[PDB]
Amino acid sequence: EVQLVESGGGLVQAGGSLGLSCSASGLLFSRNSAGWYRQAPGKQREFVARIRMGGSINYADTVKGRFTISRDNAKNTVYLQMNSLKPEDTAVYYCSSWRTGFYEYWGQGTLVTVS
Amino acid sequence: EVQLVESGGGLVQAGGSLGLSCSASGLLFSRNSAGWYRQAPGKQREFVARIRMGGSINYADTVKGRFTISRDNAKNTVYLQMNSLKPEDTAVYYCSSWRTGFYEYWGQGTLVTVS
Amino acid sequence: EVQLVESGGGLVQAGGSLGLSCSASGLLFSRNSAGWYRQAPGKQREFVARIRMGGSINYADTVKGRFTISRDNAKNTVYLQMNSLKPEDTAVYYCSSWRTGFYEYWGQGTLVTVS
Amino acid sequence: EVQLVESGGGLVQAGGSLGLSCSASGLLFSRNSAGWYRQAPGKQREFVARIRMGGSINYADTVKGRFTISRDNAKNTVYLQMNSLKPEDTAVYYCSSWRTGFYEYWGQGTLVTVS
Amino acid sequence: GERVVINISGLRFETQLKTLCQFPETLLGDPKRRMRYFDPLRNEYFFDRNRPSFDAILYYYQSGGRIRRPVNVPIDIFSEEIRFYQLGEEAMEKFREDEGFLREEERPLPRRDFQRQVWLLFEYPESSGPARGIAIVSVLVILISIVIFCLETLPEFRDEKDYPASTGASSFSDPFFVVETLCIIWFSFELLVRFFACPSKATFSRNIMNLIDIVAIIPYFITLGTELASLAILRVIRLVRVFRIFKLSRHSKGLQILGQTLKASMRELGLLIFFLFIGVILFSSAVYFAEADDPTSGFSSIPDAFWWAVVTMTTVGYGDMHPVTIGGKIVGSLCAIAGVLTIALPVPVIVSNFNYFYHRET
Amino acid sequence: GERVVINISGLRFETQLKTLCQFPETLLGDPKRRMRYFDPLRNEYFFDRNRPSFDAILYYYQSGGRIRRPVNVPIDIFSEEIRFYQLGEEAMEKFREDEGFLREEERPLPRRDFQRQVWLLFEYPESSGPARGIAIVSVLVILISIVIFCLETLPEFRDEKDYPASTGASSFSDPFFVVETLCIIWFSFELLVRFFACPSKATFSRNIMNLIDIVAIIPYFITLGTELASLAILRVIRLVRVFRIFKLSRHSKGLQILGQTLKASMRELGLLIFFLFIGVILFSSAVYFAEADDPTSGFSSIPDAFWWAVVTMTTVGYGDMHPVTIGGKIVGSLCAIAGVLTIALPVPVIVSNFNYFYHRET
Amino acid sequence: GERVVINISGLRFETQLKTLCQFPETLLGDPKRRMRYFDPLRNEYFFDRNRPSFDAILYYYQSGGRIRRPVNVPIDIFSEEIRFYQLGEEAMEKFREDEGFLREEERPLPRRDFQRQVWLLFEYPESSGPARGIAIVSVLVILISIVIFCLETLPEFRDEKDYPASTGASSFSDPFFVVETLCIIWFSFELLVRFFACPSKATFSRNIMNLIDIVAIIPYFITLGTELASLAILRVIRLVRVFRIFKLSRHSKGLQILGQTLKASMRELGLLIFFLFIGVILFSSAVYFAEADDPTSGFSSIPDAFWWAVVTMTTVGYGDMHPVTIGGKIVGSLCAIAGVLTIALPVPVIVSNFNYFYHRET
Amino acid sequence: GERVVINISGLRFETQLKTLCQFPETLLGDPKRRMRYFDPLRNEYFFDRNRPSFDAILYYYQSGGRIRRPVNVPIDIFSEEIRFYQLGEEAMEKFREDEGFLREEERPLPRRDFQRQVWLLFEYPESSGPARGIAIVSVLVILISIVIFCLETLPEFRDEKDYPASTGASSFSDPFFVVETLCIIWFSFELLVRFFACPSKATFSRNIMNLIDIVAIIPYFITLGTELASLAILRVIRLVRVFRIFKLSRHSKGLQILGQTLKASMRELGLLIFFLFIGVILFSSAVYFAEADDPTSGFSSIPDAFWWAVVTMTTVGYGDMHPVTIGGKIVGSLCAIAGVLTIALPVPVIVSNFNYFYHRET
Ligand SMILES: [K+]
Ligand SMILES: [K+]
Ligand SMILES: [K+]
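Residues numbered from 1 in each chain as written, not as in the entry; some residues may be left out. Chains lettered and ligands numbered in written order. Heavy atoms only, no water.

Recorded in UniProt for chain E, the comment headed Sequence similarities runs: "Belongs to the potassium channel family. A (Shaker) (TC 1.A.1.2) subfamily. Kv1.3/KCNA3 sub-subfamily." (UniProt positions renumbered as here; feature names shortened; annotations may be inferred.)

Going by the PDB entry, chain A carries the name Nanobody A0194009G09 and comes from Lama glama.

Evaluation of the coordinates by the stated rule reveals 4 disulfides over all chains. The residue that forms a disulfide with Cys-22 of chain C is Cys-95 of chain C, at a sulfur-sulfur distance of 2.0 Å. An S-S torsion of about -85° defines the bridge between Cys-22 of chain C and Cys-95 of chain C as left-handed. Separated by 73 residues along the polypeptide, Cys-22 of chain C in strand β3 (residues 16–25) and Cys-95 of chain C in strand β9 (residues 91–99) bring together distant segments of the chain. When sorted by exposure, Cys-22 of chain C lands in the same class as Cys-95 of chain C, which is buried. No disulfide involves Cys-183 of chain E; its sulfur sits 13 Å from that of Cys-150 of chain E, the nearest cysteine. (Disulfide = S-S within 2.5 Å. Helix = DSSP H or I, 4+ residues; strand = E, 2+ residues; numbered from the N terminus. Buried < 20%, exposed > 50% of the residue type's maximum accessible area, 1.4 Å probe, protein only.)

Here the structure, examined in full by the defined rule, presents 97 salt bridges over all chains. Among the salt bridges present, the one from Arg-33 of chain G reaches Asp-30 of chain G, with a minimum N-O distance of 3.1 Å. Given a relative accessible area of 18%, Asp-30 of chain G falls into the buried group. Its salt-bridge partner being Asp-213 of chain H, residue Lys-247 of chain H comes within 2.9 Å of it at the nearest N-O pair. Taken as a pair, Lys-247 of chain H and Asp-213 of chain H share a single burial class, namely buried. When salt bridges that share partners are traced, they join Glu-190, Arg-194, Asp-213, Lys-247 and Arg-250 of chain E into one network. (Salt bridge = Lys/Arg side-chain N within 4 Å of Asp/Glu carboxyl O.)

This part is about the relation of the copies chain F and chain E. Expressed as a screw operation, the relation of chain F to chain E combines 0.0 Å of axial shift with a rotation of 90°, fitting to an RMSD of 0.0 Å. Such values leave the two copies arranged in the relation of a four-fold axis. Among all residues of chain F, the one whose C-alpha sits closest to the rotation axis is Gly-317 of chain F, at a distance of 3.5 Å. Looking at chain F, a mere 9% of its interface residues are interface residues in chain E too, so the copies touch through different faces. (Least-squares fit on C-alpha atoms. Contact = heavy atoms within 4.5 Å.)

Moving on, we get to the interface of chain F and chain E. With 44 residues of chain F at the contact, the number on the chain E side is 48 residues. Between chain F and chain E lies a buried interface of about 4,300 Å² when both sides are counted; carbon and sulfur atoms form 71% of it. Contact with chain E buries surface across chain F, with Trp-307, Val-316 and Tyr-358 of chain F losing the most and accounting together for 14% of the total. Inspection of the region where chain F meets chain E yields 3 salt bridges. Here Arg-235 of chain F ties to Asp-293 of chain E by a salt bridge, and the two come within 3.1 Å at their closest N and O atoms. At the boundary of chain F and chain E, one finds 7 residue pairs in polar contact. Sorting the residues of the side of chain F that touches chain E by element identifies α4 (75–85), α7 (130–151), α11 (255–263), α12 (266–289), α13 (306–313) and α15 (347–359) of chain F as the ones contributing at least two each. Considering each element in turn, the side of chain F that touches chain E owes the most residues, 4 residues, to α15 of chain F. (Buried area = accessible area lost by both parts, 1.4 Å probe. Polar contact = N/O pair within 3.5 Å; in protein donor to acceptor, adjacent residues only side chain to side chain.)

Next comes the structure, spelled out in structure tokens:
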């Protein structure tokens, strides 16, 4: 009934520049909190970014100053602009949007591995 | 009073990629069901795709996985993205939008024949 | 207080193809009738096209089948697509929008002369 | 809570052509007056342009006929189109939007110096 | 003319003998009955009874029939007083007539042994146990018929018939059709028994709820007939199937009172719609002529401000558009005020009629 | 002063002879008439009549003229009682005056043989057959005139004149013009006959429906005159053509009652508009000063929240915008409540006046 | 039967001795008491008292008990009159019964020394100083409980728990939890003392405000129990915590009168909702069938015009969409009018019941 | 005790001599006055006067002072009757007291020759010609003051001061300032003369319209003082300048009646706002919990559905959003109905108070 599809993946070399996108239908993002989560090989998922509804953006220590998460608030679209990618980034990424206490929805995954 | 005009036709070779479009005025597509119908030479029309209002898409066996029907829901536009065209496709195509029990409207036709 | 500004002019040769535009502020075109008028050198202005509010388009005999007048109904814009220009066209053009019995407004003029 | 960010700066030579932009969030520009202010090195800021809410544009003597200030009234964006830049222009520029008697907000600055 | 002195509790009332003999079968007129109360010692007929009432019972004798209750004698004390004086049932009905109380309870059961027994079963639901069972079954059948009329139009159920027409079926595959035929079977059987067991077949096409049953049966039969035997009739017949909601009025005493209220108040509803039409013409014309000059305004006709005038006068809402001129705003505030002023005027008559018919059940 | 004892049904009423001779032509005063009822045996005038009434008919004699009905005697029994006592038509009109009933039916037909006959034909429509024919024709002419005023503004009919002005014509090609001239011909002929056949030509410019006929004729004549003989008058004259809707009041008794109600209640309507103006100033100022600081708010003036205040107080709808601050929301809920509180106050007076004038036809 | 003549101020009232001895303990019946007023000179009992009243006090003797006040004697002058005549307290309560005045003041304090003293402290707040202190503390506790129920849902406070669920805590770190537990502590202590100090423990589960206290305590206990011991119950339990707003009715006499008004008027509210359902089916069906053909219309079902029909009939506002056909506009103006016509009909009954229960406190 | 028989028109009323001597200065009590009417032939005092009234004038003698009008005697006939009987002005005021009619007309002109003459000029505008001139000038000054308060906020006038603040002036260049100072000059002069010419200087700070004059003068003086001598006070002072609209109540008798109505009805307005707060909490909580699960819904808090609940209950309009779930739609139709049900309950009390104070001017 609802779906979270994403693109922009692949492989990159050192000092790259890329932009994954997450889009959905059955769920206006204008009304729900959202973020991008990554899962390095060998440990559990960590968070790249969070844009709680209302324009409050917070990022984890690893991606600070190299990453931006924006909701075009149009076309039910959230876009992440990653920058100067480093080999520690190598991972599989996932997208999400949820209301605390009621529902949680995920994407299928789309990976970016840095050479 | 109402009209259904379409473009994108011609001829293609094997393994092609193309996208016909259907646009109308006097009929918001936001409110009515729509589909694309083709007519091979020698038999009656069969259906390429149907997007019943509300985002429920169904396709016939011949075009499964090679065709997508989308209503940009903007500009009163329905677009079909055909892919990897095969010689069995050779045909004349038509567009439509109707309300069951009340009215039925057609396009003039626009053909795509695969070499 | 209101103004009708237009562009797209110049000179063209035989069999040309061009598109003048008329834009305004202080006057939504969504609500008022509009047309494009030309003035050949030596006689009074004749009409190239008229789009009475409600999508009823009528053209004079000289430009039939070579000209299209469209209101994008967005950006308060009316655009004329002239085609296969001929030397008899040589003239100065003007734009207008009016309500019968109340007001009439003109553009400054922008010319297209065919070689 | 509110911010006024701007781009388009750098250096230019004689007879240049450029366009700075001012965008904001936490402040619809549809509802507030706005202008672009510059500060030459050695004296206090002077005004390049002012577009008081309601489309009344006024410019200072130095930039008359070489500058245009427009609010796309979309995307909370005000854009200035500078033209034929001269060496007297060399300066640092700033953006603003205010309501007389209640609040005043500034940009960070973005410079254009003419060679 | 000899005079008679009647003393009701110390209060001496006197009249000519002729006046109390006009009605001779009554207590005062009948010589023998009145003789009991007579006291020969003082030549007066002593009675011990209410003082304010015996005044009205002497007017009836002196006015040839008028019987009017004094406004300070309560109903019960008067009803008893006509009884002691023996004024007759014709008199007491006239007193009920002057207090205007409905007096009609005409229920002619046929009394042919079986026609009367099943008529008692099907008409008066309080009589038995199976009568209330039949009332409950009829109300549940009507409710599922309404649910089929609305759920037949939902796009989700008709997923496979949602195809272009160019490519009521008796195939019995559509579940809506077979449950619809079961409802019309029950309505037909119930109506035919209420026809054949009624005690008055000439009056059966006079009661309005019977004509509701007939016009609820009709369109399914004519569509079945024409299907197994038009395009103008089909859109009308599909909306005459909405009258099964009014067939729920035989089992409610609130819908029947709203029908009496809306019948007895048609002049007021005509005045309501007439005042609305006057105001709509006046205010839509004034807003069209006070906003046409502005190049950004949206009223392009006088028959284009009609919907704005209707939804502004009845305090509903948006209208097609909203005034943008100073003049359109002055004719839009006057329109908002005059709307409630001209629709609140005939309404107290209607609510007073409802209140009367609503307490007359008691 | 000698005393007279009158016994109405056992109840002895006594008075001085002078009091009942104040009015000498009346039944009690006239010596001969009263002599019939007199009984010489007990020196009392026995009458058999209602007891509660004869009390009021002795006050008239002792109070020099006042006639007031006791509140427990019904109207009919009293009207008859003044008749038996012979108090005179001046007395019975005063009783009607005290029950406040309209008494004016002054219809001075001229009685000049032809002027009277055609006046009976054209004024009172119930009199004949052709009178109802003339009423039906006049109502249908007024209705098609309204239909021409609205259908002349529709953009679909004027397809070929929809060209820029820089490029009421007597060319008789426009069908709206010739059907308009037929309507004004009928109005003019009917008004001129009602002028020349009236029995009072001095009072003809006093009745309001006659001045409605004149101001409905006027603008077509002045536009024809100035066309075959301005730009300020033309937009006013095009809106004085809307008064043909009020010329439909000669044939309705509901519009005439709304005219009486709106005349007799002007102080209340003035209070209504005054209270609205007070509330609009107060609440628009409070919402402007409680939402101006927010950078995303839309109220840019105090004379810009006026329309929001009007449509919120009258419970219509959107307003130009809606509050976005906590403070704007508290001044917007108080505005919504105070609106219905301050407009429901003068309205019961208006509906009571309507109800009075509406039942006075009966 | 010997007769007795009683003269109240010149007005002679007479009756048989048997009638005034039916009630023997009363003033007239008791031979000794009545003997004082008796005057042997004229054989009549002279009294100086109101004339219009002594008529009703003879009906009581002649009618075996009925006591009805004449409509022209004011209440105070009558109450005094039953007292002088000595008709007994049973009689005066019946007079109060006929003027229908509430007579119940049953407050059974237990009188066990301590149970009675603390019951006086906790139930009747006007009695002391600490009683009003306890009333003020209880009202402030209820108010901060409502403020915690609404401020617990605000997104700003929960900034750090706004993370996906896949990654009422007794950690005592959440301030809402500890202030919530303080409120439920106060409610529990107050309810348990009102249980153990009541003078009637059998009737304690009968008063409705006690059952409001219990259902306000319940959901915090069952969520604490199941947390330190479901997903269907959790969304219901989170909405049964809204009944602490009704626990503010023990301290208001306006909420208690609205509860009496809404209990005594359930037939009218049922009629209101029934009429609304009828109109919603009828008008939504007519607008669906009068606008479906237009290719730019938006009504796609009959159960899709229901919300439009509800907000248009109740004069609220937009609806899901708005008619775009001439036919949809005629069925939308009739819908707007019939809405206020069918919802204003049962409302005067409800406001009359409120007005009665609102002045009966006086 | 000797007895006295008074015969008012045949009706014999009797009493003990002591009762009519309780009040000795009255007509019946005074031996000499009463002696005129006495007739020695039958030992009775014959009077010819209304029968229903003399009953109430004997109760006053027998009840020590109570004077109550029978409900079937009209006011005028009674007022005259107390006069003939000579019951005294204390008695007639008590009769006016029982019909509850306002009796206060206390206008203490100082009578010091000049203070009284100019007080007559400035207070009572009907007295002279210049008094109406002064009333007309004061109303026009108040009107142009309101026009300056609103036109000072319009963006068009302030074209050159529309610059960023970082770059009430006594420069006398701003025209709004000098016309504002002229208005405050007129208000100050008029208030100071009404102070120094009043006949009661102790009561001058008690009348509410005087305190309206003072709080209309205040903010211009404190802003002039602090300007030629804060940022928290400035936004409050700019909204205390809106009270010059209430200074227009000395010259209107409709605003003064709305002030009396809103003073005498504060318990009802408190009940109105209390019922609204209850309904807003209840319905906003139910719509938040019945629409939160849907991913496309917009209610993100319980203190975010408050504005939707307010504008839906008061039948205004849109709300912040609209329900999109089947459950939100059922809690939104119940909200629409319960709104008018709970706000129409205390309003008839307020309109009845207005109607009383509105006709008491007559
Ligand atoms: K409303
Ligand atoms: K509304
Ligand atoms: K609305």
